[PDB]
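Quick setup: one chain, the form deposited in one PDB entry, written in structure tokens, and binding and motion questions come after.
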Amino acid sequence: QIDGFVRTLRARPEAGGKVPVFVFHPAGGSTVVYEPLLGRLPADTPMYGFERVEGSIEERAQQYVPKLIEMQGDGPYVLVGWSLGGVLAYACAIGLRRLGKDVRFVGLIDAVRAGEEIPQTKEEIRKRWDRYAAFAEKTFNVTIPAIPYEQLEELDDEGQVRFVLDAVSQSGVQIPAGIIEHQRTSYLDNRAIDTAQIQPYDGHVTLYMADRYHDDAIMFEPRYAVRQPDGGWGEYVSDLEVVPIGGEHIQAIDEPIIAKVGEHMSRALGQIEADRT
């Protein structure tokens, strides 16, 4: 049921049966979030979830791709993800295609680019932590002294966090390690997206598009306030289908909206199963 980074949500039969759906975790969550979707897919659809690993998006896909091949061979591959999971699913479709495997479906559940690129600069690192420090002033009713920008500016996202957590530990506050893990992993996993090196894909992608990012995403990164109609994918994906679903990014994975995703996806899986049979 949990084997390394692979969660079994519905086991495939010992032999034969329908094409599995591989789902990839969101930042801060596990693949149990795909249970509602599973309920709106056809009976006996197998489903396996890929849980977090470390590295860049490319490095994470380098860990997943071998495991995908161990599980499902030449194909067909059906890859699905919400939020960061959608970025991970796509990265896997690229890795699999370079190895000549047969990718038939890539379903992105509101995996939408920031409305403009997030600069990877020292100035942007300073601005981002100034915003974060101001929120923390308000929230924890404190004054924050001068941020040690020289220190933070040379560190990766991970380093920036551990530095900030070492400095919070330093004075006063002892945080439950479970709270720290959860906040640190959510934060780093969502930041890994900003430097994804998106490659062109030659197959069909389906983007389930909500109306907007929710407020906490915008707080994390204000460029999520704007989105383009193709969610940023059009330059990389010639064969791009968008399925508007409405609502907010945070709601897209849950009932009732997931009913709309599953209905559409069920027809795509049906077509795939007919094309083999």
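Throughout, rigid core stands for the largest set of C-alpha atoms superposing within 1.5 Å between the two forms. So that there is no doubt, residue numbering starts at 1 and follows the sequence shown.
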Using the B-factors recorded in the PDB entry, average over the C-alpha atoms of 176-184 and of 127-135, then report which stretch comes out higher.
-> 176-184
Of 194-202 and 150-158, the stretch whose C-alpha atoms average the higher B-factor in the entry | 150-158
For the listed residues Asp215, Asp230, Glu59, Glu51, which one has the largest C-alpha B-factor as given in the deposited model?
-> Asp215
Based on the PDB record, which member of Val23, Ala11, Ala15, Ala268 exhibits the highest Cα temperature factor?
-> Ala15
Would you mind ranking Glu248 by its C-alpha B-factor against the rest of the chain and naming the third, lowest, middle or highest?
-> middle
Select lowest, middle or highest to describe the third in which the CA B-factor of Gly75 falls within its chain in this entry.
-> middle
Please rank the C-alpha B-factors of the chain's modelled residues and tell me whether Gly86 sits in the lowest, middle or highest third.
-> lowest
Just say lowest, middle or highest third for the CA B-factor of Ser238 relative to the other modelled residues in its chain.
-> highest
Of the three thirds of the chain ranked by Cα temperature factor, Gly100 occupies the highest
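A second form of this protein, the form deposited in another entry, is not displayed here; the remarks below concern that form.
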2 Å or more on the CA of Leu99 between this form and the one not shown, with the rigid core superposed, yes or no?
-> no
Indicate whether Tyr201 shows a C-alpha shift of 2 Å or more between this form and the one not shown, with the rigid core used for the fit.
-> no
Would the C-alpha of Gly73 be classed as shifted by 2 Å or more between this form and the one not shown after rigid-core alignment?
-> no
Change in CA distance between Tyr224 and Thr139 in the other form, which is 3 Å or more, as closer or farther | closer
